[PDB]
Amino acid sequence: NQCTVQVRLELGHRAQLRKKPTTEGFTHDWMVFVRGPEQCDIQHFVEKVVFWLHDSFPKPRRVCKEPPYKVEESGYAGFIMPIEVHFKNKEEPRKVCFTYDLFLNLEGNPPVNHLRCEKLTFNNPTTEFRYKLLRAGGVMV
(Lines of atoms letter the chains of each structure in order from A and count residues from 1; the text may use other names and numbers.)
(Lines give C-alpha, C1' and ligand atoms only; values in the text may rest on other atoms or scores of the structure.)
Protein backbone atom coordinates (compact mmCIF):
# COMPACT_ATOMS: atom_id res chain seq x y z
CA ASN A 1 0.00 0.00 0.00
CA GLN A 2 3.18 2.26 0.43
CA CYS A 3 2.53 5.16 -1.99
CA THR A 4 3.10 8.98 -2.23
CA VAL A 5 0.96 11.12 -4.63
CA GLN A 6 1.81 14.75 -5.53
CA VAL A 7 -0.72 17.26 -6.95
CA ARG A 8 -0.27 20.94 -7.85
CA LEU A 9 -2.55 23.89 -6.96
CA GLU A 10 -2.17 27.47 -8.32
CA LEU A 11 -3.42 30.34 -6.14
CA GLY A 12 -3.39 33.83 -7.68
CA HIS A 13 -4.96 37.24 -7.79
CA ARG A 14 -5.47 40.10 -10.24
CA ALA A 15 -6.10 43.74 -9.22
CA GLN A 16 -6.50 47.01 -11.17
CA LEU A 17 -8.12 50.49 -10.71
CA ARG A 18 -11.93 50.78 -10.93
CA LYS A 19 -12.71 53.60 -13.45
CA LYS A 20 -15.74 54.59 -11.23
CA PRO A 21 -14.80 54.40 -7.49
CA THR A 22 -17.92 52.57 -6.06
CA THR A 23 -20.85 53.86 -3.86
CA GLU A 24 -18.38 53.35 -0.91
CA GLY A 25 -15.31 54.88 -2.75
CA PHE A 26 -13.68 51.53 -3.84
CA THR A 27 -10.53 52.33 -5.92
CA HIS A 28 -9.85 48.71 -7.12
CA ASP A 29 -11.43 45.58 -8.57
CA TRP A 30 -9.73 42.31 -7.66
CA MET A 31 -10.12 38.61 -8.27
CA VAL A 32 -8.50 35.78 -6.27
CA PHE A 33 -8.58 32.13 -7.39
CA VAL A 34 -7.49 28.54 -6.91
CA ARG A 35 -7.00 26.37 -10.03
CA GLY A 36 -5.04 23.36 -11.29
CA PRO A 37 -2.33 23.47 -13.97
CA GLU A 38 -3.42 23.14 -17.67
CA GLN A 39 -5.01 19.68 -18.42
CA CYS A 40 -5.61 18.93 -14.63
CA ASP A 41 -9.11 18.80 -13.07
CA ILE A 42 -8.69 19.51 -9.29
CA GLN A 43 -12.49 19.11 -8.90
CA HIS A 44 -11.69 15.33 -8.71
CA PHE A 45 -10.07 15.77 -5.21
CA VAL A 46 -11.32 19.28 -4.12
CA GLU A 47 -14.67 19.20 -2.17
CA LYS A 48 -14.77 23.04 -1.99
CA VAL A 49 -12.68 26.20 -1.54
CA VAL A 50 -13.47 28.79 1.10
CA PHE A 51 -12.14 32.35 0.75
CA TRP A 52 -12.24 34.27 4.10
CA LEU A 53 -12.49 37.95 2.99
CA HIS A 54 -11.87 41.00 5.25
CA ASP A 55 -14.50 41.21 8.10
CA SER A 56 -15.70 44.49 6.34
CA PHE A 57 -17.20 42.52 3.38
CA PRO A 58 -20.84 41.35 3.48
CA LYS A 59 -20.91 37.51 4.11
CA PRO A 60 -17.07 37.30 4.18
CA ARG A 61 -17.02 33.44 4.16
CA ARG A 62 -17.22 32.85 0.37
CA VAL A 63 -17.68 29.15 -0.66
CA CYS A 64 -17.03 27.73 -4.16
CA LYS A 65 -18.20 24.05 -4.24
CA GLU A 66 -17.25 23.75 -7.97
CA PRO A 67 -14.94 25.51 -10.45
CA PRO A 68 -14.25 28.24 -10.97
CA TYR A 69 -12.86 28.59 -7.41
CA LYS A 70 -12.75 32.39 -7.38
CA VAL A 71 -13.99 35.59 -5.68
CA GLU A 72 -14.34 38.93 -7.53
CA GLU A 73 -14.76 42.08 -5.39
CA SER A 74 -13.98 45.81 -5.20
CA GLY A 75 -11.93 47.40 -2.44
CA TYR A 76 -9.65 50.19 -1.29
CA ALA A 77 -6.86 48.07 0.36
CA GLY A 78 -5.11 44.67 0.16
CA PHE A 79 -5.38 42.25 3.12
CA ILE A 80 -4.30 38.75 4.21
CA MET A 81 -6.89 36.23 2.98
CA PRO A 82 -7.16 32.79 4.60
CA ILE A 83 -7.98 30.24 1.82
CA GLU A 84 -9.15 26.71 2.78
CA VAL A 85 -9.08 23.96 0.17
CA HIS A 86 -11.23 21.06 1.42
CA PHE A 87 -10.47 17.56 0.00
CA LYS A 88 -12.86 14.69 -0.97
CA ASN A 89 -10.83 12.55 1.54
CA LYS A 90 -12.30 10.22 4.25
CA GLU A 91 -9.14 10.38 6.50
CA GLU A 92 -6.47 13.03 7.37
CA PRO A 93 -5.78 15.49 6.03
CA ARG A 94 -9.28 16.83 5.22
CA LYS A 95 -8.16 20.28 4.10
CA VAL A 96 -5.16 22.63 3.75
CA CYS A 97 -5.20 26.38 4.71
CA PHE A 98 -3.10 29.04 2.91
CA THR A 99 -2.55 32.64 4.05
CA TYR A 100 -2.88 34.56 0.76
CA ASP A 101 -1.34 38.05 0.44
CA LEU A 102 -4.04 39.91 -1.55
CA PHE A 103 -2.17 43.16 -2.47
CA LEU A 104 -3.37 45.93 -4.86
CA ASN A 105 -1.43 48.08 -7.41
CA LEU A 106 -0.88 51.49 -5.76
CA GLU A 107 0.71 54.82 -7.00
CA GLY A 108 -0.71 54.24 -10.55
CA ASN A 109 1.40 51.02 -11.02
CA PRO A 110 0.35 48.50 -13.73
CA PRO A 111 -2.28 45.87 -12.78
CA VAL A 112 -1.16 42.99 -10.50
CA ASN A 113 -1.18 39.49 -12.03
CA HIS A 114 0.40 37.02 -9.50
CA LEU A 115 0.48 33.24 -9.26
CA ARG A 116 1.62 31.15 -6.29
CA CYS A 117 2.26 27.47 -7.11
CA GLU A 118 1.76 24.99 -4.24
CA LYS A 119 2.70 21.29 -4.26
CA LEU A 120 0.71 18.96 -2.02
CA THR A 121 2.28 15.60 -1.01
CA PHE A 122 -0.18 12.83 0.10
CA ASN A 123 1.61 9.96 1.92
CA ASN A 124 -0.26 6.58 1.79
CA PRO A 125 -3.67 8.00 0.74
CA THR A 126 -6.58 5.45 0.84
CA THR A 127 -7.46 3.57 -2.43
CA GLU A 128 -10.51 5.87 -2.96
CA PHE A 129 -8.59 9.19 -2.44
CA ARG A 130 -5.52 7.95 -4.41
CA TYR A 131 -7.99 7.39 -7.34
CA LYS A 132 -9.31 11.02 -7.08
CA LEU A 133 -5.75 12.52 -6.90
CA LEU A 134 -4.64 10.53 -9.99
CA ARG A 135 -7.93 11.36 -11.89
CA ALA A 136 -7.07 15.05 -11.16
CA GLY A 137 -3.60 14.54 -12.79
CA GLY A 138 -1.70 13.69 -9.57
CA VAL A 139 1.62 11.78 -9.99
CA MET A 140 3.02 8.86 -7.92
CA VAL A 141 6.52 9.43 -6.37
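Only the largest set of C-alpha atoms that superpose within 1.5 Å between the two forms is called the rigid core. Note that residue numbering follows the sequence shown and begins at 1.
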Hey, after superposing on the core, which one moves around more in 6 other deposited structures of this protein, 65-73 or 111-119, CA-wise? 111-119
More variable segment, 22-30 or 89-97 [Cα RMS over structures in 6 other deposited structures of this protein, core-superposed]: 22-30
Stretch with the higher entry mean CA B-factor, where the candidates are 106-114 and 41-49: 106-114
Looking only at C-alpha temperature factors in the entry, 121-129 or 13-21, the higher average sits in 13-21
Among the candidates 98, 30, 26, 33, give the one with the maximum CA B-factor reported in the record. 26
Options 65, 70, 88, 59 - largest CA temperature factor per the record: 59
Binned into thirds over the chain's modelled residues, the C-alpha B-factor of residue 84 lands in the lowest
